[PDB]
Each structure stands twice: as C-alpha cells, then as structure tokens.
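Heads up: the structure comes next, in structure tokens.
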Protein chains: 2
Amino acid sequence: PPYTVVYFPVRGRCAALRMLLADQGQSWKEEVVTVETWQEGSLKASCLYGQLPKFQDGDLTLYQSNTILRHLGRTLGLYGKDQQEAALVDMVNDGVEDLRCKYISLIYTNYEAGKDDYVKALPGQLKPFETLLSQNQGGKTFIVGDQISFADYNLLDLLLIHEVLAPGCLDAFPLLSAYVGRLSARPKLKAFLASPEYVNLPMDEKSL
Amino acid sequence: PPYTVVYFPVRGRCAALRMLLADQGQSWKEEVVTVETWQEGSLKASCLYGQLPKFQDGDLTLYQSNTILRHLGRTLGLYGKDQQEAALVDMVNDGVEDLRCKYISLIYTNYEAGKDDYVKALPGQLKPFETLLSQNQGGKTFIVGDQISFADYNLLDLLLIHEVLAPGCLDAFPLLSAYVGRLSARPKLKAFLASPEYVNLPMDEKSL
Ligand SMILES: N[C@@H](CCC(=O)N[C@@H](CS)C(=O)NCC(=O)O)C(=O)O
Ligand SMILES: N[C@@H](CCC(=O)N[C@@H](CS)C(=O)NCC(=O)O)C(=O)O
C-alpha cells in the first residue's frame, strides 16, 4: 500500500477485489474515471492493455482484474496454505473467470434474445462450484481449504451477480446458498455490501 | 510428478504447458482423448468444468490450462523471483489469455469474415508485450525479470500462433521478434518444437 483503484463508476470487474479489501480491513482510494475522461484518450493510451481497472500499490502499477486479485491474495495471505491449495484456488478462479466471460458475452452481445437460454444453462454452470464445496469439509468453510482466498471473493461476486440476473438460481444448490449467506455475514464485508459505496454503484459499465 | 496430460490430439491450450515441460527437462505422459471417446460422455461428465485439458500430478488432479501453467510455474520456480515479479508475471499471462480468447472467438465464430479486421487490429494487440519487453533490460532477457516464467511459454505460444495466422506480424516489433527467436533457440525447446510430437499435431480442435 497505499492502494488506489482506478476504474469507471461501476462495480464490474472491481467488485470482488473491493470486497476483498473491505473484508480484510484494508484502506484504499477510489479514482473514478468518467466516460468523458476516458473518451479524452490520454489515460487509455497509457494503460498497458488500453483498459481499466488500473491498480496502484505504492510504486507498483498493475492492470488486469485477476492480477490484482492474485496480488492481494499473495501479499495478504489469501492464496491457500500450501502449493497444492494454491493450485486449487487458481482452478476455482479460472472457473469463475470463464463463467464471468459468458455472462459478459450475454449482457453485451445478446442479452434480451439469449437471456432465457442462458438461465436454462445456468444450473450446469454453477454445479462445479457446488461440487467443490461438497468435497471440502462438507462445504461448511470456504471454496478451498479452511481459510478464505481471493477466489472466495471472486466467486461470491459472480454468485451475487447471477442472483440478480436469475433470482433464486441458488435455491437448487444448498451448499452455495449457505456459503453466500455465510460470507455475506462476515462483519466487515456485510457492512461494505450494505453501504452506498456498493449499493448505489451500477453493476456493469453497460449501465453507463 | 508423475505428470499426465489428458487432452484431444491437438496443440490447442496444451501447447504452452508442453513447451514448459519440455524446456524444463521434465518427463510426462500424454493421454490422448479421441472425439469418439469424448462423445461417449463419461470422461466429460467426470471433468470439473466438463472440459479438457485435465492434468494429473501424482495424486493431484487439476483442470484449467492456466491453472496448470501456474502450478508448474509455482512448483518449478518459473513464477518470478519475488512477489512483485509474480504479479507482473500474472499481468502478462492475463494479457495473453485475453488475446487468446479473441483469437478463439475469431476462428470459431467468424473466421473467414472477420480475419481481415482481426489482422488489422493485431498490431495494437501485440504492442503491450513489445512495451513490456522494452521496459525490462531492453527486452534482451524474458518478459518479466531475468529468469524465465510460465508466462514466457504462454506468450511464445500465442506469438507462434499469430505468425501462422498472419506471417510477418512480428516484423514491426523488433523486441518480440528477437524474443521469439531467442526462446525458440533454447536447446530442449528447439528440439521439442521440431519434433513430430509438436509439428504433426494440428493447431486447434477446429481441425478435428
Ligand atoms: N482482462 C481485463 C478486462 C478489462 C476490461 O474488459 N475493461 C473494460 C471495462 S470492464 C474497459 O476498460 N473497457 C474500455 C475500453 O475497452 O476502452 C481484466 O480482467 O481486467
Ligand atoms: N478455461 C478452460 C477452457 C477449456 C476448453 O475450452 N476446452 C475445450 C478444448 S480447448 C473442450 O474441452 N471442449 C470440449 C467440450 O467443451 O465439450 C481452460 O483454459 O482450460
């Protein structure tokens, strides 16, 4: 630290890393980039891959949402207890990223027309996470091992996103359901999720 | 170890991890899955996310190509010299994954019709890697730091893939060009890239 999140005024790909920082009692600065400023071009041209989020940690500048998640996970001890758990954490996060990309494809390229088929296929896309939970201490703890990881925050975000898209989609998955309620009940995270900082921010850039 | 790669008979998403194993002097078993066997359904149903590659390391079973790359990188010391370099390695790999997904979208959903526009936009997609190279010891070493990382193998694979799609696409990028020649010249990797094991395997599953 200090930590600075440079992003558009939406939850989007920064929701999970923000949940992580809040739940971990970290402090950080939000540098909001308006659509107007982005269209100006200078900031975009200076971004490694021409996109946001951009993350500043002291003198270190990073790009890529999952890189930020892994960085915070690595430096704050949220990346498994050993190398085997670390691999499992990656396996979960890669799965979360895959579904997030499918979600992104839906809302940005075929929402109204593809929404129905997507929701029908959703159960099959959520089952893997329910299965992982069932194979780890009966799913009473975290997605991997007995300690929270950056993948828990990313998965939580994706699940919350889908509950909005398809209310009750987690009713068919007892472990995921309890898991979401459990993580959402963690004091610092609960406070964050209920604050205007989170609540009054639109879900996706599509809303911009 | 022992290591086992379970995949279709193509380079696809296993090319980079294979280059890594070969260049690192590792031994591994290839369990080829034919389209027929896949259509049978049993293997697919047993895969965490219903897809390949599946990777076995001793008693550990992993899925997700980037998870395999990170696992080998972590266990073989190809993940940066410190936490800062580790983050940079992730930043590069996430960028490689992003472009690979764009490439995948092209060949599978709009090849013939989108090929021209994709190639025109390619320079802008490759510039970030040229820039990273220019900011690290003049690009005379690796993509991050002075030691090879799993991201080098993944980037190398993506660059080779694009040279086939658009011959000479690296001519406008001196650092990337030299970088590819340099990595491709590493003894063990050079031997692997020239072997039937690599050469006679189709590039993508699309060829199946
Ligand atoms: N793989 C990147 C994706 C970044 C991305 O898609 N950024 C979008 C917002 S969610 C953006 O900056 N769009 C504006 C543009 O492309 O110029 C990550 O995970 O951070
Ligand atoms: N995110 C996964 C993607 C895996 C993937 O796309 N697998 C394809 C081949 S490259 C597959 O198994 N297709 C067969 C199927 O889905 O039934 C990874 O990086 O490993």
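Labels used: A, B, ... for chains in the order of the structure tokens, numbers from 1 for residues in each chain, and numbers from 1 for ligands as shown.
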
Using only C-alpha atoms, find which residues of chain B lie within 7 Å of chain A and jot them down as a short mmCIF file (atom, residue, chain, number, x, y, z; two decimals) with N, CA and C atoms, in the first residue's frame.
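What follows is the written file result.cif:
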data_model
loop_
_atom_site.label_atom_id
_atom_site.label_comp_id
_atom_site.auth_asym_id
_atom_site.auth_seq_id
_atom_site.Cartn_x
_atom_site.Cartn_y
_atom_site.Cartn_z
N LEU B 48 -14.27 -31.54 -13.97
CA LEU B 48 -14.84 -30.47 -13.15
C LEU B 48 -15.70 -29.47 -13.91
N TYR B 49 -15.17 -28.93 -15.00
CA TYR B 49 -15.92 -27.95 -15.80
C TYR B 49 -16.35 -28.54 -17.13
N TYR B 63 -7.61 -28.99 -13.49
CA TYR B 63 -8.30 -28.63 -14.72
C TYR B 63 -7.96 -27.16 -14.91
N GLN B 64 -8.20 -26.63 -16.12
CA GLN B 64 -7.92 -25.23 -16.47
C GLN B 64 -6.46 -25.05 -16.90
N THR B 67 -4.31 -22.82 -14.89
CA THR B 67 -4.08 -23.34 -13.55
C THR B 67 -2.89 -24.30 -13.63
N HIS B 71 0.61 -23.80 -11.77
CA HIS B 71 1.04 -24.89 -10.89
C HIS B 71 2.47 -25.28 -11.21
N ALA B 87 3.46 -10.82 -9.55
CA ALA B 87 2.31 -10.04 -10.01
C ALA B 87 2.48 -9.65 -11.47
N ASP B 90 1.70 -12.53 -13.66
CA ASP B 90 0.25 -12.71 -13.79
C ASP B 90 -0.31 -11.69 -14.78
N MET B 91 0.18 -10.45 -14.69
CA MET B 91 -0.30 -9.39 -15.58
C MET B 91 -0.06 -9.77 -17.04
N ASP B 94 -2.38 -12.87 -18.00
CA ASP B 94 -3.77 -12.48 -18.17
C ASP B 94 -3.94 -11.79 -19.52
N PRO B 128 1.42 -4.13 -26.43
CA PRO B 128 1.65 -4.20 -24.99
C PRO B 128 2.83 -5.10 -24.61
#

Put chain A on top of chain B with a least-squares fit on all C-alpha atoms, paired in order, and send it back as a CSV table (one decimal) with C-alpha atoms, in the first residue's frame.
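Saved file superposed27.csv follows:
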chain,number,residue,atom,x,y,z
A,1,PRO,CA,5.1,-35.8,-10.7
A,2,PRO,CA,4.5,-38.1,-12.5
A,3,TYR,CA,2.8,-35.8,-14.9
A,4,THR,CA,-0.1,-36.8,-17.3
A,5,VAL,CA,-1.7,-34.5,-19.8
A,6,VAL,CA,-5.2,-35.6,-20.8
A,7,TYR,CA,-6.3,-33.8,-24.0
A,8,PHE,CA,-7.6,-34.0,-27.5
A,9,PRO,CA,-5.0,-34.7,-30.2
A,10,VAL,CA,-4.2,-31.0,-30.9
A,11,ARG,CA,-1.8,-28.4,-29.6
A,12,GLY,CA,-4.6,-26.0,-28.6
A,13,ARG,CA,-4.5,-25.0,-24.9
A,14,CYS,CA,-1.8,-27.5,-24.0
A,15,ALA,CA,0.9,-26.2,-26.3
A,16,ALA,CA,2.4,-23.7,-23.9
A,17,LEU,CA,2.4,-26.1,-20.9
A,18,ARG,CA,4.0,-28.8,-23.1
A,19,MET,CA,6.7,-26.3,-24.2
A,20,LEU,CA,7.3,-25.5,-20.5
A,21,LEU,CA,7.7,-29.2,-19.6
A,22,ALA,CA,10.0,-30.0,-22.5
A,23,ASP,CA,12.2,-26.9,-22.0
A,24,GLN,CA,12.4,-27.7,-18.3
A,25,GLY,CA,13.6,-31.2,-19.0
A,26,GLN,CA,10.5,-32.8,-17.5
A,27,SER,CA,9.0,-36.1,-18.5
A,28,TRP,CA,5.3,-36.6,-18.9
A,29,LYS,CA,2.6,-38.9,-20.3
A,30,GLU,CA,0.1,-37.9,-23.0
A,31,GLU,CA,-3.3,-39.5,-22.6
A,32,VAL,CA,-5.0,-38.7,-25.9
A,33,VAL,CA,-8.8,-38.4,-25.9
A,34,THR,CA,-10.4,-39.0,-29.3
A,35,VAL,CA,-13.6,-37.2,-30.4
A,36,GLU,CA,-15.3,-40.5,-30.3
A,37,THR,CA,-14.3,-41.2,-26.6
A,38,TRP,CA,-15.4,-37.6,-25.8
A,39,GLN,CA,-18.8,-38.1,-27.4
A,40,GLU,CA,-19.2,-41.2,-25.2
A,41,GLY,CA,-19.8,-38.8,-22.3
A,42,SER,CA,-18.3,-40.5,-19.2
A,43,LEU,CA,-15.0,-38.6,-19.2
A,44,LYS,CA,-16.6,-35.3,-19.9
A,45,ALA,CA,-19.1,-35.8,-17.0
A,46,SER,CA,-16.2,-36.5,-14.7
A,47,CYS,CA,-14.3,-33.3,-15.6
A,48,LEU,CA,-14.8,-30.5,-13.1
A,49,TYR,CA,-15.9,-28.0,-15.8
A,50,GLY,CA,-16.8,-30.6,-18.4
A,51,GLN,CA,-13.8,-29.8,-20.4
A,52,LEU,CA,-10.1,-30.6,-21.2
A,53,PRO,CA,-7.3,-30.3,-20.5
A,54,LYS,CA,-7.2,-32.5,-17.4
A,55,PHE,CA,-3.8,-32.7,-15.7
A,56,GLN,CA,-2.6,-35.3,-13.2
A,57,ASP,CA,0.4,-34.6,-11.0
A,58,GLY,CA,0.9,-37.6,-8.7
A,59,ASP,CA,-2.4,-37.8,-6.8
A,60,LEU,CA,-3.4,-34.3,-7.6
A,61,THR,CA,-5.9,-33.7,-10.4
A,62,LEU,CA,-6.2,-30.3,-12.0
A,63,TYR,CA,-8.3,-28.6,-14.7
A,64,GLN,CA,-7.9,-25.2,-16.5
A,65,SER,CA,-4.9,-24.6,-18.7
A,66,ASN,CA,-3.8,-21.5,-16.9
A,67,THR,CA,-4.1,-23.4,-13.5
A,68,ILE,CA,-1.7,-26.0,-14.9
A,69,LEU,CA,0.7,-23.3,-16.1
A,70,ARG,CA,0.6,-21.6,-12.7
A,71,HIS,CA,1.1,-24.9,-10.9
A,72,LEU,CA,4.1,-25.9,-12.9
A,73,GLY,CA,5.4,-22.3,-12.6
A,74,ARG,CA,5.0,-22.3,-8.8
A,75,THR,CA,6.5,-25.8,-8.3
A,76,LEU,CA,9.4,-25.5,-10.8
A,77,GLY,CA,10.4,-21.9,-9.9
A,78,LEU,CA,9.1,-20.1,-13.0
A,79,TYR,CA,7.0,-17.5,-11.2
A,80,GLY,CA,9.2,-14.5,-10.6
A,81,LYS,CA,12.0,-14.0,-8.0
A,82,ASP,CA,9.6,-12.2,-5.6
A,83,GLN,CA,6.0,-11.2,-5.0
A,84,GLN,CA,6.3,-8.1,-7.2
A,85,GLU,CA,7.6,-10.1,-10.2
A,86,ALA,CA,5.0,-12.7,-9.5
A,87,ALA,CA,2.3,-10.0,-10.0
A,88,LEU,CA,3.9,-8.9,-13.2
A,89,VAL,CA,4.0,-12.5,-14.5
A,90,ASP,CA,0.2,-12.7,-13.8
A,91,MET,CA,-0.3,-9.4,-15.6
A,92,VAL,CA,1.4,-10.8,-18.7
A,93,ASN,CA,-0.4,-14.1,-18.6
A,94,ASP,CA,-3.8,-12.5,-18.2
A,95,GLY,CA,-3.0,-10.4,-21.2
A,96,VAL,CA,-2.0,-13.5,-23.2
A,97,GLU,CA,-5.3,-15.2,-22.1
A,98,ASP,CA,-7.3,-12.1,-23.3
A,99,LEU,CA,-5.8,-12.2,-26.8
A,100,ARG,CA,-6.1,-16.0,-27.0
A,101,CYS,CA,-9.8,-15.6,-26.3
A,102,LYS,CA,-10.1,-13.1,-29.1
A,103,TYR,CA,-8.2,-15.5,-31.4
A,104,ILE,CA,-10.5,-18.3,-30.3
A,105,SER,CA,-13.6,-16.2,-31.0
A,106,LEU,CA,-12.3,-15.4,-34.5
A,107,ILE,CA,-11.5,-19.0,-35.7
A,108,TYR,CA,-14.6,-20.5,-34.1
A,109,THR,CA,-17.3,-17.9,-34.7
A,110,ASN,CA,-16.3,-15.5,-37.6
A,111,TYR,CA,-13.1,-16.6,-39.2
A,112,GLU,CA,-13.3,-16.1,-43.0
A,113,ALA,CA,-15.4,-12.9,-42.5
A,114,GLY,CA,-13.5,-11.4,-39.5
A,115,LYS,CA,-10.0,-12.5,-40.4
A,116,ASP,CA,-9.1,-9.2,-42.2
A,117,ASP,CA,-10.3,-6.9,-39.5
A,118,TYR,CA,-8.6,-9.0,-36.8
A,119,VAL,CA,-5.2,-8.9,-38.6
A,120,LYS,CA,-5.6,-5.1,-39.0
A,121,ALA,CA,-6.2,-4.8,-35.2
A,122,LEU,CA,-3.4,-7.3,-34.4
A,123,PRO,CA,-0.6,-4.7,-34.1
A,124,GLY,CA,-2.4,-2.9,-31.3
A,125,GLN,CA,-2.9,-6.2,-29.5
A,126,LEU,CA,0.8,-7.1,-29.7
A,127,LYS,CA,2.2,-3.7,-28.7
A,128,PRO,CA,1.6,-4.2,-25.0
A,129,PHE,CA,4.0,-7.2,-25.0
A,130,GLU,CA,6.6,-5.2,-27.0
A,131,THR,CA,6.3,-2.4,-24.5
A,132,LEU,CA,6.8,-4.8,-21.5
A,133,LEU,CA,9.9,-6.2,-23.2
A,134,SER,CA,11.3,-2.7,-23.8
A,135,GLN,CA,10.9,-1.9,-20.1
A,136,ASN,CA,12.8,-5.0,-19.0
A,137,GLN,CA,16.5,-4.9,-19.6
A,138,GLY,CA,15.9,-3.7,-23.1
A,139,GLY,CA,13.9,-6.8,-23.9
A,140,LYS,CA,17.1,-8.9,-24.1
A,141,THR,CA,16.0,-11.3,-21.4
A,142,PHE,CA,12.5,-12.5,-20.6
A,143,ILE,CA,9.0,-11.0,-20.4
A,144,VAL,CA,9.4,-10.4,-16.6
A,145,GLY,CA,12.7,-10.2,-14.7
A,146,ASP,CA,15.9,-12.0,-15.7
A,147,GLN,CA,14.6,-15.5,-15.4
A,148,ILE,CA,12.0,-17.4,-17.5
A,149,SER,CA,8.4,-17.8,-16.2
A,150,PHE,CA,5.4,-19.7,-17.2
A,151,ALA,CA,4.1,-16.5,-18.9
A,152,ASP,CA,7.1,-16.7,-21.3
A,153,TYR,CA,5.9,-20.1,-22.6
A,154,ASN,CA,2.3,-18.9,-22.9
A,155,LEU,CA,3.3,-15.7,-24.7
A,156,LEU,CA,5.6,-17.6,-27.0
A,157,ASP,CA,2.8,-20.0,-28.0
A,158,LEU,CA,0.4,-17.1,-28.7
A,159,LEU,CA,3.1,-15.4,-30.8
A,160,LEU,CA,3.8,-18.5,-32.8
A,161,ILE,CA,0.1,-19.0,-33.4
A,162,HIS,CA,-0.2,-15.5,-34.8
A,163,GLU,CA,2.8,-15.9,-37.1
A,164,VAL,CA,0.8,-18.7,-38.7
A,165,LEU,CA,-2.4,-16.6,-38.9
A,166,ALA,CA,-0.5,-13.5,-40.2
A,167,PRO,CA,3.0,-14.3,-41.4
A,168,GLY,CA,5.4,-11.4,-40.6
A,169,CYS,CA,3.1,-9.9,-38.0
A,170,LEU,CA,6.2,-9.6,-35.7
A,171,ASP,CA,8.3,-7.8,-38.2
A,172,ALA,CA,7.0,-4.5,-36.8
A,173,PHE,CA,8.1,-5.5,-33.3
A,174,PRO,CA,11.9,-5.9,-33.1
A,175,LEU,CA,11.9,-6.9,-29.4
A,176,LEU,CA,9.2,-9.5,-29.8
A,177,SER,CA,10.9,-10.9,-32.9
A,178,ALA,CA,14.2,-11.4,-31.2
A,179,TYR,CA,12.5,-12.7,-28.1
A,180,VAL,CA,10.7,-15.4,-30.1
A,181,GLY,CA,13.9,-16.4,-31.9
A,182,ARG,CA,15.8,-16.5,-28.6
A,183,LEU,CA,13.3,-18.6,-26.8
A,184,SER,CA,12.8,-20.9,-29.8
A,185,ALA,CA,16.6,-21.4,-29.8
A,186,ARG,CA,16.8,-22.8,-26.3
A,187,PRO,CA,18.2,-26.4,-26.9
A,188,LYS,CA,15.4,-28.5,-25.2
A,189,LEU,CA,12.6,-26.3,-26.5
A,190,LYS,CA,14.2,-26.1,-30.0
A,191,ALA,CA,14.2,-29.9,-30.1
A,192,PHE,CA,10.6,-30.2,-29.0
A,193,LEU,CA,9.3,-27.6,-31.5
A,194,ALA,CA,11.0,-29.5,-34.3
A,195,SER,CA,9.7,-33.0,-33.3
A,196,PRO,CA,6.8,-34.8,-34.8
A,197,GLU,CA,5.2,-34.7,-31.4
A,198,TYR,CA,4.7,-30.9,-31.9
A,199,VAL,CA,4.8,-30.5,-35.7
A,200,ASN,CA,2.4,-33.2,-36.7
A,201,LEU,CA,-0.2,-32.2,-34.2
A,202,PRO,CA,-3.0,-29.9,-35.5
A,203,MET,CA,-3.1,-26.3,-34.1
A,204,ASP,CA,-6.7,-26.2,-32.9
A,205,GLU,CA,-9.6,-28.6,-32.2
A,206,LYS,CA,-11.3,-26.8,-35.1
A,207,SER,CA,-9.1,-29.1,-37.2
A,208,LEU,CA,-10.8,-32.1,-35.7

Can you list, as a PDB file with N, CA and C atoms, in the first residue's frame, all residues belonging to segment 11-170 of chain A that DSSP tags as strand (DSSP E or B)?
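Saved result, part_5.pdb, follows:
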ATOM      1  N   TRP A  28      -8.251   2.052   1.044  1.00  0.00           N
ATOM      2  CA  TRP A  28      -7.851   2.294  -0.333  1.00  0.00           C
ATOM      3  C   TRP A  28      -8.559   3.511  -0.897  1.00  0.00           C
ATOM      4  N   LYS A  29      -7.998   4.052  -1.970  1.00  0.00           N
ATOM      5  CA  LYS A  29      -8.555   5.219  -2.633  1.00  0.00           C
ATOM      6  C   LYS A  29      -9.197   4.823  -3.951  1.00  0.00           C
ATOM      7  N   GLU A  30     -10.353   5.412  -4.236  1.00  0.00           N
ATOM      8  CA  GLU A  30     -11.052   5.148  -5.483  1.00  0.00           C
ATOM      9  C   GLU A  30     -10.856   6.352  -6.391  1.00  0.00           C
ATOM     10  N   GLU A  31     -10.227   6.125  -7.540  1.00  0.00           N
ATOM     11  CA  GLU A  31     -10.026   7.183  -8.517  1.00  0.00           C
ATOM     12  C   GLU A  31     -11.015   6.864  -9.623  1.00  0.00           C
ATOM     13  N   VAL A  32     -12.119   7.598  -9.638  1.00  0.00           N
ATOM     14  CA  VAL A  32     -13.165   7.373 -10.619  1.00  0.00           C
ATOM     15  C   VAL A  32     -12.867   8.011 -11.965  1.00  0.00           C
ATOM     16  N   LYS A  54      -7.045  -0.227 -13.352  1.00  0.00           N
ATOM     17  CA  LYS A  54      -5.629   0.069 -13.200  1.00  0.00           C
ATOM     18  C   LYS A  54      -5.534   0.046 -11.675  1.00  0.00           C
ATOM     19  N   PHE A  55      -4.464  -0.521 -11.134  1.00  0.00           N
ATOM     20  CA  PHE A  55      -4.320  -0.618  -9.686  1.00  0.00           C
ATOM     21  C   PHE A  55      -2.935  -0.146  -9.282  1.00  0.00           C
ATOM     22  N   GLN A  56      -2.881   0.735  -8.289  1.00  0.00           N
ATOM     23  CA  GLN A  56      -1.611   1.245  -7.797  1.00  0.00           C
ATOM     24  C   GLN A  56      -1.406   0.749  -6.372  1.00  0.00           C
ATOM     25  N   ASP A  57      -0.241   0.165  -6.120  1.00  0.00           N
ATOM     26  CA  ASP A  57       0.106  -0.329  -4.797  1.00  0.00           C
ATOM     27  C   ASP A  57       1.477   0.275  -4.543  1.00  0.00           C
ATOM     28  N   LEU A  60       4.088   0.353  -7.292  1.00  0.00           N
ATOM     29  CA  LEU A  60       3.777  -0.696  -8.257  1.00  0.00           C
ATOM     30  C   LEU A  60       2.452  -0.412  -8.952  1.00  0.00           C
ATOM     31  N   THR A  61       2.450  -0.487 -10.280  1.00  0.00           N
ATOM     32  CA  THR A  61       1.235  -0.263 -11.058  1.00  0.00           C
ATOM     33  C   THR A  61       0.860  -1.565 -11.749  1.00  0.00           C
ATOM     34  N   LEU A  62      -0.377  -2.004 -11.549  1.00  0.00           N
ATOM     35  CA  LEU A  62      -0.845  -3.241 -12.153  1.00  0.00           C
ATOM     36  C   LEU A  62      -2.103  -3.015 -12.976  1.00  0.00           C
ATOM     37  N   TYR A  63      -2.362  -3.952 -13.880  1.00  0.00           N
ATOM     38  CA  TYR A  63      -3.548  -3.949 -14.731  1.00  0.00           C
ATOM     39  C   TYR A  63      -4.019  -5.398 -14.681  1.00  0.00           C
TER      40      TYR A  63
END

Practice prompt. Write out as a PyMOL selection string all residues of chain B that backbone DSSP assigns to helix (DSSP H, G or I).
Written response: chain B and resi 12-23+35-40+42-46+65-76+83-109+111-134+137-139+150-165+174-184+187-194+196-199+205-207
